[PDB]
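Everything below concerns the one structure shown next.
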Amino acid sequence: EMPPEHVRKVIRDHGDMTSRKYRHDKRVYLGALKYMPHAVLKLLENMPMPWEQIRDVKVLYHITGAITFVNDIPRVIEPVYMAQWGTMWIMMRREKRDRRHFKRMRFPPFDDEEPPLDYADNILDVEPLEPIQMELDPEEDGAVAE
Amino acid sequence: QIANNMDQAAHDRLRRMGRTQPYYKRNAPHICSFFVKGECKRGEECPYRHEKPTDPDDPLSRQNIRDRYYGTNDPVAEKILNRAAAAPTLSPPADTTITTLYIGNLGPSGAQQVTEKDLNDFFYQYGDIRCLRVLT
Amino acid sequence: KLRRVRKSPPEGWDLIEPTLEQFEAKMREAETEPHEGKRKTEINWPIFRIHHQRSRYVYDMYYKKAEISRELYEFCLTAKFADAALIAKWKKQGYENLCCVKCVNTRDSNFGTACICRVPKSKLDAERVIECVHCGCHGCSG
Amino acid sequence: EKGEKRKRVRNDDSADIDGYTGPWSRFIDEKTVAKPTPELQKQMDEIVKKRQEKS
Amino acid sequence: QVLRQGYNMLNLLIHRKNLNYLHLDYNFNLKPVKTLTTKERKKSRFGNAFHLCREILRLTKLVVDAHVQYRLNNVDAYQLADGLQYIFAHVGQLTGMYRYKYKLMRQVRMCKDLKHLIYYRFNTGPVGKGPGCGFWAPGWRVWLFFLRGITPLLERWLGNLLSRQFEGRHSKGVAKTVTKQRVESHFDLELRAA
Amino acid sequence: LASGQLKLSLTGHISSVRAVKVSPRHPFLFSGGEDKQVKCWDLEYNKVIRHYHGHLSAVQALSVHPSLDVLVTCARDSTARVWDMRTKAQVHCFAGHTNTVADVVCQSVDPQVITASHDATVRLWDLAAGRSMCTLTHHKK
Amino acid sequence: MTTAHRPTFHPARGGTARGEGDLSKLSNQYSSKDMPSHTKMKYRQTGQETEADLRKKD
Amino acid sequence: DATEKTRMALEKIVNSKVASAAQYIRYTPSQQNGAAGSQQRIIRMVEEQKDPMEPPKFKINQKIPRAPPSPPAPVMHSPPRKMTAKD
Ligand SMILES: O=P(O)(O)O[C@H]1[C@H](OP(=O)(O)O)[C@@H](OP(=O)(O)O)[C@H](OP(=O)(O)O)[C@@H](OP(=O)(O)O)[C@H]1OP(=O)(O)O
Ligand SMILES: [Mg+2]
Ligand SMILES: [Zn+2]
Ligand SMILES: [Zn+2]
Ligand SMILES: [Zn+2]
Ligand SMILES: [Zn+2]
């Protein structure tokens, strides 16, 4: 494996595709489209469950940035996963009860002319606000809580 | 057309002009155009050559591919052909009745000198000698 | 990177952190400096050169200098301050000055050969200067 | 045959953030850049103009 | 990255065709920037492979933008989960996909069924109607099983779109079947030949 | 064959049938149409499961190779085409006649394929190499 | 004179579409009907009566 | 022997055909100018790695007339039956 910064630099430099130095890559960028349904599928399959704030995934990516595939298959120990979602059920019901007013977010979340974010600049070092997690009681749950 | 082609006299013309050693300098490398501008920050590392390009007046620079392959207006071909036409060769005298050939560079007298047989057993391949004379 | 490991840094961390924070400062510049006036290869080379240093620093601190224990060294590998796949090479006899990983790889070359920069660069040629395409390494065997 | 290597300017103390090398090497004597002087420039200077006069 | 990549790929196909009078916005709506003539309409109409890819990328942007809004810290944990739940059932609306895939409506109905399944049990008790049911995972899965089947279909369709675009259209001689309309005139040719 | 009784009618073709062969090695029946289609019929379901597409006008003979899994069909368009009856792949086109073909017969030894044509020639074909090497021109018609 | 509504006085010949013997030319487009079918052969059983079994019987 | 010969050629073809749908060479060069002192060369072939993303390289719907027929076979008829006035 090799430094995560490399795909940032490649994707950042190529990204406009007006770059005419990169124009030779344009041919490969088009052909990658054939796989793009497969890249979407692997991305959404991996998506972080609501008790995770950040998930690090392994990706397989083309040396020109042409396409990024997520190489994980997300496996779970299903009694743990049913337990984890069972705690989300408890917590999500509690919040909907307690909130009084719950502001559902707007869709699309960004305007049609708003370009996608600079992630290394914008997202990378704003620290995430905490996820949905139940307060496990370390006396009753100490087999599991840590 | 080339596989069948028969004219041994034409083949032997080509063999003389062809040259007999491979020219690797034409094989080997490209020229450093940042060095032509004069600014090659790569300089010791460079791959490409750091030497004078061919001047743009020099028509040998111009040659396309198709002109070369089809063989029309090919500058290097014309240079070769002009020297081949310039190359000296015999044309016989205007006196039609002359049938005499001077021969020279036979080497010195002694064991290095060719015998009469060495002329007899070769030049009679071409035609009937009427008289033969040697001046050692 | 510390959020990724949940446990807090072990005892040594005050010693390495001033340096490790400077390597991050370098890497953010190298990610972002303009991609013009440099070859299509050259723009990537700062990323690998800083990555090599940062791993070499953590590696030298524990192995050469012993100034961090095991627990902080292994913490650095788990945090991903250190390229520990690459460090596994530096431990090897004959690779102890290696540049990146991609130059050892062989399978990504055309002819199935390691990169040129390996080639005991003393042996290679009388005068040949080299900057291999993967990371600009001039020769990493001696 | 039947029966020195050029010296390098090494800074390989890994803590020296902004200065280090340890397989990145310019030699104690090296040309990083090479250029024609002015006489060789003036020969090449006319060449690019002669290419542009074709237009 | 996958959205940048997906955006650039479709945007490059537009430029490859040289349809510079179309604009693909960052939410993957394909708008025509001017009134097309006739010939620009004939040239630009290109839907089934391209739009189903484009709409799957639209869905992906809705999902990833929800996570982005969370990571910025302007949508907390619960509003993301309700966002993700909403996106998967209500994707029938936000999916322009329904048009091209129209068998896809099977999945829209099945997420509607799951929504009723979850909401009824989730609301049961002192819990009000309206937003907040963040239990996205049952609906999420339905779209992954959709994407399983569509992945080879679109890979084949996009391979045919890309290949004819690079290779050119080879239809200048393949055999044509003889279905309804052609049957009546085709009987005389084979009769007259016989 | 003995009673003369009728016991199927198979309604898949579109305009006319005129080729039938029953395979001597598979439970399949092949048929060719003036509707430009060659069909494979499966004599374990009586449904159709293969179509061989490439003929440009009416099929009018077909033969089923006695030992390979290979099928050959004649049509107007003045060719015979060779098919692989497993994959539907077409892997010869015996162009070389100049007028509509309608007879083909196959045999295991060379010439594996023999074709007869309204150009008043018979041709003998090298089924491996796909070339012809006879033209038996002696017919006037 | 009308003549563009011609009958087939001069029919075209096969062996010249995509890939017909050209097969390196064959092209990467192939999608709809060709792709998926019947990849395993059904050989007829022994005892189809025909050449050797019929002689075997009277 | 005939049936086995027929399949074995097309089989090797079909595998490359669906794909369409160390190893060395010793080269003896008739051009005797040669590599230094060597009447032959021995040379390593490797295959260019196909980029699995790159789309088809070239336009191939180029179309040209049918190749000329193989030279005519003699026509070999019996002599014309003349049937002139009444038929
Ligand atoms: O999708 P939500 O935002 O969770 O809203 C739903 C949805 O409302 P809308 O589709 O009108 O936006 C239901 O409708 P269906 O999608 O199931 O058709 C609706 O049911 P009604 O059709 O009866 O209005 C129901 O409201 P209700 O609880 O009154 O059934 C309400 O569900 P929640 O109130 O629990 O969100
Ligand atoms: Mg119609
Ligand atoms: Zn240079
Ligand atoms: Zn190296
Ligand atoms: Zn390296
Ligand atoms: Zn290297």
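A short reminder: the numbers here are calculations on the coordinates, not readings from a lab. Methodologically, a virtual Cβ is constructed for each residue, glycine included, from the backbone with ideal geometry; neighbour enumeration extends over all protein chains shown.
To the nearest 0.05, what FRET efficiency results for C:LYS92 and H:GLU54 with a Förster distance of 41 Å applied to their C-beta separation? Present the calculation step by step, with values, prior to reporting the outcome.
Working: r = 36 Å, r/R0 = 0.88.
Using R0 = 41 Å, I get an efficiency of 0.70.
Considering the options E:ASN73, E:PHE187, E:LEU62, tell which one lies farthest towards the positive end of the dipole of chain E, charges being +1 on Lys and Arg and -1 on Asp and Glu at the Cβ, about the Cα centre.
After comparing all options, I get E:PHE187.
Between A:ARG100 and A:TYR119, what is the spin-label point distance in nm, taking each point 7 Å from the Cα along the Cα→C-beta axis?
3.9 nm
With a cap of 15 neighbouring Cβ atoms within 10 Å, and only residues DSSP puts in a loop, list the chymotrypsin sites (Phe, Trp or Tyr not before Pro) found in the stretch B:24-90. Please report the intermediate quantities before stating the final value.
On the way: sites: B:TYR24, B:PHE34, B:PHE35, B:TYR48, B:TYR69, B:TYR70; in loops: B:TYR48.
Answer in residue order: B:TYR48.
Below 8 Å, C-alpha to C-alpha, sequence gap of six or more: please give me the relative contact order for chain E in percent. Before the final figure, lay out the partial values.
Values: 127 pairs, mean separation 34.6, N = 194.
For chain E, the relative contact order is 18 percent.
What number, rounded to the nearest 500 deg cm²/dmol, is the helix-based mean residue ellipticity at 222 nm of chain B, given -39500 (n - 2.57) per DSSP H run of at least four residues and division by all its residues?
The helix contribution divided over chain B gives -8500 deg cm²/dmol.
Take chain B, mark every one of the trypsin sites (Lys or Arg not before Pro) that falls in a DSSP loop and has at most 16 other Cβ within 10 Å, then report the longest stretch left between them, sites excluded.
Numbers: sites that count: B:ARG19, B:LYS41, B:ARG62, B:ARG130, B:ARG133.
So the longest stretch without any such site is B:63-129.
In the structure shown, do any of F:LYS36/H:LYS82; C:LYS26/C:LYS102; A:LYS9/D:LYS7; A:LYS34/E:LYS31; C:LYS40/E:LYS39; H:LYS12/H:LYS50 have a Cα-Cα gap over 32 Å, and if so which? Kindly include the intermediate steps, with their values, before the conclusion.
On the way: F:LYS36/H:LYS82 40 Å; C:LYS26/C:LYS102 22 Å; A:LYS9/D:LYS7 34 Å; A:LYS34/E:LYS31 23 Å; C:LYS40/E:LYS39 40 Å; H:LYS12/H:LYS50 21 Å.
Beyond 32 Å: F:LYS36/H:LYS82; A:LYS9/D:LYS7; C:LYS40/E:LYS39.
Compute the Cα gyration tensor for chain F, then decide on rounded, prolate or oblate, letting a ≥ b ≥ c be the square roots of its eigenvalues: rounded whenever a/c is under 1.5, prolate when a/b is larger than b/c in the other cases, and oblate in all that remain. Walk me through the numbers on the way to the answer.
Numbers: a/c = 1.76, a/b = 1.56, b/c = 1.13.
Since a/c reaches 1.5 and a/b is larger than b/c, the shape of chain F is classed as prolate.
Hey, quick one: spin label on G:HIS5, modelled 7 Å out along Cα-Cβ, who in the stretch E:167-194 has an amide N within reach, i.e. under 16 Å?
E:185-186, E:188-189
What is the stretch A:9-144's relative contact order, in percent, from Cα pairs under 8 angstrom and six or more apart in sequence? Walk me through the numbers on the way to the answer.
Values: 78 pairs, mean separation 33.9, N = 136.
With pairs under 8 Å counted, the relative contact order is 25 percent.
Given R₀ = 51 Å, what would the calculated FRET efficiency be for E:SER185 paired with B:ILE65, taking r from the Cβ atoms and rounding to 0.05?
0.50
Search the structure for amide H atoms under 5 Å from the amide H of F:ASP103, placed 1.01 Å from N in the peptide plane, and list their residues when 5 or more places away or on another chain.
F:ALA116
With the crude spin-label approximation of a point 7 Å out along Cα→Cβ, what separation in nm comes out for G:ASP22 versus C:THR113?
So the label points at G:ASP22 and C:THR113 sit 4.2 nm apart.
Of the candidates E:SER44, E:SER171, E:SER163, which one comes out as most mobile in a Gaussian network treatment of chain E with C-alpha springs shorter than 10 Å?
Highest fluctuation among the options: E:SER171.
Taking the beta-carbon count within 10 Å as an exposure proxy, list B:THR96, F:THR79, D:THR21 from fewest neighbours to most. Mind dumping the intermediate values first?
On the way: B:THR96 7, F:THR79 27, D:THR21 17.
Listing B:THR96, F:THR79, D:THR21 from fewest to most nearby Cβ atoms yields B:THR96, D:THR21, F:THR79.
Cα-based count: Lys pairs in the stretch B:1-124 below 26 Å, eight or more positions apart or different chains?
Going through the stretch B:1-124 pair by pair, I get 7.
Nearest 500 deg cm²/dmol is fine: what mean residue ellipticity at 222 nm does chain G get from its DSSP H runs of n ≥ 4 alone, each adding -39,500 (n - 2.57), divided by its residue count?
Details: 1 runs with 5 residues, N = 58.
Using -39500 (n - 2.57) per qualifying helix, the result is -1500 deg cm²/dmol.
Have a look at B:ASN105, B:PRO53, B:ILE129 and report the one farthest towards the positive end of the charge dipole of the stretch B:41-136, computed about the Cα centre with Cβ charges (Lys/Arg +1, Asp/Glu -1).
Highest projection toward the positive end goes to B:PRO53.
Please state the shape class of the stretch A:84-146: rounded when a/c is under 1.5, otherwise prolate if a/b exceeds b/c and oblate if not, all from the C-alpha gyration tensor. Can you show the working numbers first?
Values: a/c = 3.63, a/b = 1.70, b/c = 2.14.
It comes out oblate by the Cα gyration axes.
I'd like the distance separating the alpha-carbon centroids of the stretch C:72-118 and the stretch E:104-162, in whole Å.
44 Å
How many angstrom separate the Cα center of the stretch F:116-134 from the Cα center of the stretch E:8-57?
If you average the Cα positions of each part, the centres end up 51 Å apart.
Excluding A:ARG12 itself, calculate the net charge of residues whose Cβ lies under 15 Å from the Cβ of A:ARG12, where each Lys or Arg counts +1 and each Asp or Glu counts -1. Let's see the in-between values first.
Details: positive: A:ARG8, A:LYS9, A:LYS21, C:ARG28, C:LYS38, C:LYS40, E:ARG4; negative: A:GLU5, A:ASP13, A:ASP16, A:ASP25, A:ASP118, A:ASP121, C:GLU29, C:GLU31, C:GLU33, C:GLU36.
Neighbour charge sum, excluding A:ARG12 itself: -3.
Restricting attention to chain G, which trypsin sites (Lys or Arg not before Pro) occupy a DSSP loop and are surrounded by at most 10 other Cβ atoms within 10 Å? Could you put the intermediate results ahead of the total?
Details: sites: G:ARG13, G:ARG18, G:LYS25, G:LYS33, G:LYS40, G:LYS42, G:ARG44, G:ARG55, G:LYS56, G:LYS57; in loops: G:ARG13, G:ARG18, G:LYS33, G:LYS40, G:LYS42, G:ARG44, G:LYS57.
Listed in order of number, the matching sites are G:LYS40, G:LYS57.
Quick check for you: which residues of the stretch B:76-111 have the amide N under 20 Å from the point 7 Å beyond the Cα of B:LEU132 toward its beta carbon?
Within reach of a label on B:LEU132: B:99-111.
Under 5 Å between amide hydrogens, which residues at least 5 positions from D:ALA34 or on another chain qualify, with H placed 1.01 Å from N in the peptide plane?
Here the answer is B:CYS40, B:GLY43, since their amide H atoms fall under 5 Å of that of D:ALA34.
Under the rule that an exposed site lies in a DSSP loop and has at most 15 other Cβ atoms within 10 Å, name the longest stretch of chain B with no GluC sites (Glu not before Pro) of that kind, not counting the sites themselves. Don't skip to the end; give the middle numbers.
Values: sites that count: B:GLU39, B:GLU51.
Between exposed loop sites, the widest span is B:52-136.
Please report the spacing between the Cα centers of the stretch A:76-146 and the stretch H:39-71 in Å, no decimals.
Using only Cα atoms to place each centre, the spacing works out to 55 Å.
If I take every Cα pair under 8 Å that is 6 or more residues apart in chain B, average their sequence separation and divide by the length, what percent do I get for the relative contact order? Walk me through the intermediate numbers first.
Numbers: 40 pairs, mean separation 16.8, N = 136.
Normalised by residue count, the contact order of chain B is 12 percent.
Using helices alone, I'd like the mean residue ellipticity at 222 nm for chain A: each DSSP H run of four-plus residues gives -39500 (n - 2.57), total over residue count, nearest 500.
Taken over chain A, the calculation gives -11500 deg cm²/dmol.
Against the longest alpha carbon principal axis of chain B, how many degrees, from 0 to 90 and to the nearest 10, is the axis of helix B:8-17 turned?
The helix B:8-17 is inclined about 50 degrees to chain B.
Classify the stretch A:35-146 as rounded, prolate or oblate, taking a ≥ b ≥ c as the square roots of the eigenvalues of its Cα gyration tensor: rounded when a/c is under 1.5, otherwise prolate if a/b is larger than b/c and oblate if not. Don't skip to the answer; put the middle values down first.
Values: a/c = 2.22, a/b = 1.42, b/c = 1.57.
Oblate, because a/c is 1.5 or more while a/b does not exceed b/c.
I need the calculated FRET efficiency for the pair B:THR115 and B:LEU81, taking r as the beta carbon distance and R₀ as 35 Å, to the nearest 0.05. Spell out each step's value before the answer.
Working: r = 41 Å, r/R0 = 1.16.
Once rounded, the FRET efficiency stands at 0.30.
Considering only DSSP states other than H, G, I, E and B, which chymotrypsin sites (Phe, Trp or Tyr not before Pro) in the stretch F:1-70 qualify as loop sites with at most 14 other Cβ atoms within 10 Å?
Working: sites: F:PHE28, F:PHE30, F:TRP41, F:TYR45, F:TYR52; in loops: F:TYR45.
Loop-located and lightly packed - F:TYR45.
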